[PDB]
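Notes to accompany the following structure.
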Amino acid sequence: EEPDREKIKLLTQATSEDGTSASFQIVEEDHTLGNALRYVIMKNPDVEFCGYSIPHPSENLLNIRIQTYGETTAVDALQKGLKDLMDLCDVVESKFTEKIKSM
Amino acid sequence: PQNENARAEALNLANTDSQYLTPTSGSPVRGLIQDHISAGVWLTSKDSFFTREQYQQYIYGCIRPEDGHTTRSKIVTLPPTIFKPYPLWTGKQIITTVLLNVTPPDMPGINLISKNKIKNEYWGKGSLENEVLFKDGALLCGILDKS
Amino acid sequence: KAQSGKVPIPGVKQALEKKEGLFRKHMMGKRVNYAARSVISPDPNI
Amino acid sequence: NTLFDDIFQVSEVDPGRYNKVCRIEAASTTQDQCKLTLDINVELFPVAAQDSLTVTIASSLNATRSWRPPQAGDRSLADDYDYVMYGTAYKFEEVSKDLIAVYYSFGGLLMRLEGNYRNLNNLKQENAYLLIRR
Numbered sequence: 040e041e042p043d044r045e046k047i048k049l050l051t052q053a054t055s056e057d058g059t060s061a062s063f064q065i066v067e068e069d070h071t072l073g074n075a076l077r078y079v080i081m082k083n084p085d086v087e088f089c090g091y092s093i094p095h096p097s098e099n100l101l102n103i104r105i106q107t108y109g110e111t112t113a114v115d116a117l118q119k120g121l122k123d124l125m126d127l128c129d130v131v132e133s134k135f136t137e138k139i140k141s142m
Numbered sequence: 638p639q640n641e642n643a644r645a646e647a648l649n650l651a652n653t654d655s656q657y658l659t660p661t662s663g664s665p666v667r668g669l670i671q672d673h674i675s676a677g678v679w680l681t682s683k684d685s686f687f688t689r690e691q692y693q694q695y696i697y698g699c700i701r702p703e704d705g706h707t708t709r710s711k712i713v714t715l716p717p718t719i720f721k722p723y724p725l726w727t728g729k730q731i732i733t734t735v736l737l738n739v740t741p742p743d744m745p746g747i748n749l750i751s752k753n754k755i756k757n758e759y760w761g762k763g764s765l766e767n768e769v770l771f772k773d774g775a776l777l778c779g780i781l782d783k784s
Numbered sequence: 442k443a444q448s449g450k451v452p453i454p455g456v457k458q459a460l461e462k463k464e465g466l467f468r469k470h471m472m473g474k475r476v477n478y479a480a481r482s483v484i485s486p487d488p489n490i
Numbered sequence: 003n004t005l006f007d008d009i010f011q012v013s014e015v016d017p018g019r020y021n022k023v024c025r026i027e028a029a030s031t032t033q034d035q036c037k038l039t040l041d042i043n044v045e046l047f048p049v050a051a052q053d054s055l056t057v058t059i060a061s062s063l064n075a076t077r078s079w080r081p082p083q084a085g086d087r088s089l090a091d092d093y094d095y096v097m098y099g100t101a102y103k104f105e106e107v108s109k110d111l112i113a114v115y116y117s118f119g120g121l122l123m124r125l126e127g128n129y130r131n132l133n134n135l136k137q138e139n140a141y142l143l144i145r146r
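Top to bottom, those sequences are chains A, B, C and D.
Sequential numbering of the first sequence, starting at 40, is according to PDB author numbering.
Sequential numbering of the second sequence, starting at 638, is according to PDB author numbering.
Read left to right, the third sequence gives residues 442 to 444, 448 to 490 (PDB author numbering).
Read left to right, the fourth sequence gives residues 3 to 64, 75 to 146 (PDB author numbering).
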């Protein structure tokens, strides 16, 4: 049994005890996913604040901060934005497969 | 330096934050130089409208509560200046927001009347974008420059 | 205050009086441990 | 709470070095004194010369916590009109006897009215919802 505990690190110094406002810290990520994830998280009707931020160009880090209104924590809203980004990549893959099979 | 009688004196006496005004005339010697000057003339301009997802990004692009930039442990924002056709924020309202978060919550906002370097006739007829106006910590008029 | 080929042997008095010597080179102007120098570079992300 | 309402006859639309913002000089149709200098986001709300707008300054829309983007079944006073702005008053200049002017700044887009009776209802409040129909 071996998970990976460096890839995502919730920063408790800026995380509300309510859970509805947290600041995550990914390693080895940048504008690639952090702008794709910020887009899909902001489509949740319960999200009040979302933004990604790279602290310095040197280290490969990524901070995204979700604040919700209520009845959904930011950890609960981080993972809805990861499934809908997983579901969106399957739509694009299912359309780009048809059109290659349409030539 | 190598002892706590010198760490305390590089943090309280010879640090850069106390060296803001020079002792020759009391003029400030620290500030933004070339391309930050020429971005505030675009950001605090009157064409600058930001949507909601763009508004939340520029605040957290500069202010990060994990590093300790906020004083409220949670980013507070403002209502937009345009409601009905589409909700939009103006570029002067981002400068209001970043002053709303870095200043302590107990003290009231800054009240300032000043001038720019940019004359009013470069903007057009009846423009007042030379008189800078802060009223309770809110940029209400005029762009920001080297001045 | 002695006689010298072209530049004679330094005496103990003349080991003391210029920018170099002793009293300004090694008493006001010592070299230090725990120091470093390098070329500087611009950064808006600090 | 409606504070001020009239109907204005727009006389000038000046773009003036801006691609999205026009300055609007409008004189009123009922009162023969009150004028209007306003900056509107002309990409959202296109205004021509010799138009007729219905300017309404409201105190709120109908003591909540903050703003929140709209959702299912909410109904507000902004649904009546076509263009809503929000901002503060910063300057009350008295021009002469009974020409007391007010100055609004909607996040940098300015407005100057000029009237006489409106001390009943134009305080220097942080809230001045400004609304335009037609």
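Ideal Cβ positions, reconstructed from N, Cα and C, are used throughout, including at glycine.
CB-CB under 7 Å to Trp-760 of chain B, same chain, minus the five flanking residues each way: which ones, in chain order?
Cβ-Cβ distances below 7 Å link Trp-760 of chain B to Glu-766 in the same chain, with the five nearest sequence neighbours on each side left out; the list follows chain order.
Verify the CB distance criterion: does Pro-742 of chain B have a CB-CB separation below 8 Å to chain D?
Put simply, the CB of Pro-742 of chain B is far from chain D, with every gap to its CB atoms at 8 Å or more.
Worksheet item: Between which two residues does the alpha helix (DSSP H) carrying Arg-701 of chain B extend?
Response: No alpha helix (DSSP H) holds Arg-701 of chain B; DSSP gives it neither H nor E.
Review point. Looking only at its own chain, which residues have a Cβ that is under 6 Å from the Cβ of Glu-45 of chain D, when we skip the five neighbours before and after it?
Key: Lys-22
Since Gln-730 of chain B meets chain D, which of its residues come closer than 8 Å, beta carbon to beta carbon?
-> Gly-119 and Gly-120
- prompt: Cβ of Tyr-723 of chain B less than 8 Å from any chain A Cβ?
  reply: no
ask   = Closest to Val-713 of chain B by CA distance: which of B:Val-769, B:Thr-734, B:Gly-779 and B:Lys-729 is it?
value = B:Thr-734
Note to self: Please list, in chain order, the chain B residues whose beta carbon lies closer than 8 Å to that of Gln-106 of chain A.
What the structure shows: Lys-711 and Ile-712
Quiz item: Around the C-beta of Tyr-657 of chain B, are 16 or more other C-beta atoms found within 10 angstroms, so that it is buried, or is it exposed?
Solution: exposed
Quiz prompt | Minimum length 4: unbroken alpha helix (DSSP H) runs contained in the region 448 to 478 of chain C | solution = none
- What residues of chain B sit near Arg-19 of chain D, judged by a beta carbon separation below 7 Å? Ordered by position in chain B, the residues that pass the 7 Å Cβ test against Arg-19 of chain D are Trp-760 and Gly-761.
According to DSSP, is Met-125 of chain A helix, strand or coil? helix
On the CB-based measure, 16 or more other CB atoms within 10 Å of its CB, does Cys-36 of chain D come out buried or exposed?
buried
### Per DSSP, the bridge partner or partners of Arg-77 of chain A
Beta-bridge annotation (DSSP): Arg-77 of chain A is not paired with any residue.
Rounded distance between the beta-carbons of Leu-781 of chain B and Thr-707 of chain B, thought under 8 Å: Actually they do not touch by this definition, with Cβ atoms about 22 Å apart.
Worksheet entry | Cβ pair residue 68 of chain D, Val-49 of chain D closer than 8 Å | Any structural detail on residue 68 of chain D is unavailable, because chain D resumes at 75 straight after 64.
Secondary structure of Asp-34 of chain D, DSSP reduced to three states
coil
Item to complete: Using a Cβ cut-off of 8 Å (strictly closer), state whether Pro-716 of chain B contacts chain A.
Response: Not closer than 8 Å to any Cβ of chain A, the Cβ of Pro-716 of chain B fails to qualify, so no.
field: Sequence-distant residues of the same chain with beta carbon closer than 7 Å to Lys-119 of chain A, five excluded per side
entry: Counting only Cβ-Cβ distances below 7 Å, and skipping sequence neighbours, we find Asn-83.
In the DSSP output, which residue or residues are listed as bridge partners for residue 147 of chain D? Residue numbering for chain D in the displayed model covers 3 to 146; residue 147 of chain D lies beyond these limits and cannot be assessed.
Exercise for review: Return no unless some Cβ of chain B is closer than 8 Å to the Cβ of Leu-46 of chain D.
Suggested key: yes
| query | Of the choices A:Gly-58, A:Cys-89 and A:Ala-75, whose alpha-carbon is the least far from that of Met-125 of chain A? | reply | A:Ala-75
In terms of residue numbering, what span does the beta strand (DSSP E) encompassing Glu-768 of chain B cover? 768 to 771
Distance, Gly-698 of chain B Cα to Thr-71 of chain A Cα
16 Å
### Message
Which same chain residues end up closer than 8 Å to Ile-93 of chain A when comparing Cβ atoms and leaving out the 5 residues on each side of it in sequence?
### Response
Excluding positions up to five away in sequence, the list reads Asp-69, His-70, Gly-73, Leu-100, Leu-101 and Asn-102.
Start-to-end residues for the alpha helix (DSSP H) that takes in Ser-675 of chain B: 674 to 680
Hey, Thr-136 of chain A and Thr-59 of chain A: beta-carbon distance below 8 Å or not? no
Taking contact to mean at least 3 C-beta pairs separated by less than 8 Å, is the region 110 to 130 of chain D in contact with the region 713 to 729 of chain B? yes
- Query: Quick one: Cα of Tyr-95 of chain D to Cα of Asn-757 of chain B, how far?
  - Reply: 28 Å
Local conformation of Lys-103 of chain D per DSSP, three classes: strand
Cross-strand partners of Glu-27 of chain D (DSSP beta bridge): D:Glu-14 and D:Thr-39
- request: Identify whether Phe-135 of chain A lies in helix, strand or coil by the three-state DSSP scheme.
  value: Helix at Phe-135 of chain A.
Exercise for the section: Measure the beta-carbon distance from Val-79 of chain A to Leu-117 of chain A and round it to whole angstroms, keeping in mind my assumption that it falls under 8 Å. Expected result: Going by Cβ atoms, the distance from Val-79 of chain A to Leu-117 of chain A rounds to 10 Å, so no, they are not a contact pair.
**Prompt:** Between the region 765 to 779 of chain B and the region 741 to 755 of chain B, do at least 3 Cβ pairs fall closer than 8 Å?
**Reply:** In the pairwise beta carbon analysis, the region 765 to 779 of chain B is classified as touching the region 741 to 755 of chain B: at least three pairs are separated by under 8 Å.
Under the three-state reduction of DSSP, which class applies to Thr-733 of chain B: helix, strand or coil? helix
Taking only three categories from DSSP, how would you classify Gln-118 of chain A?
helix
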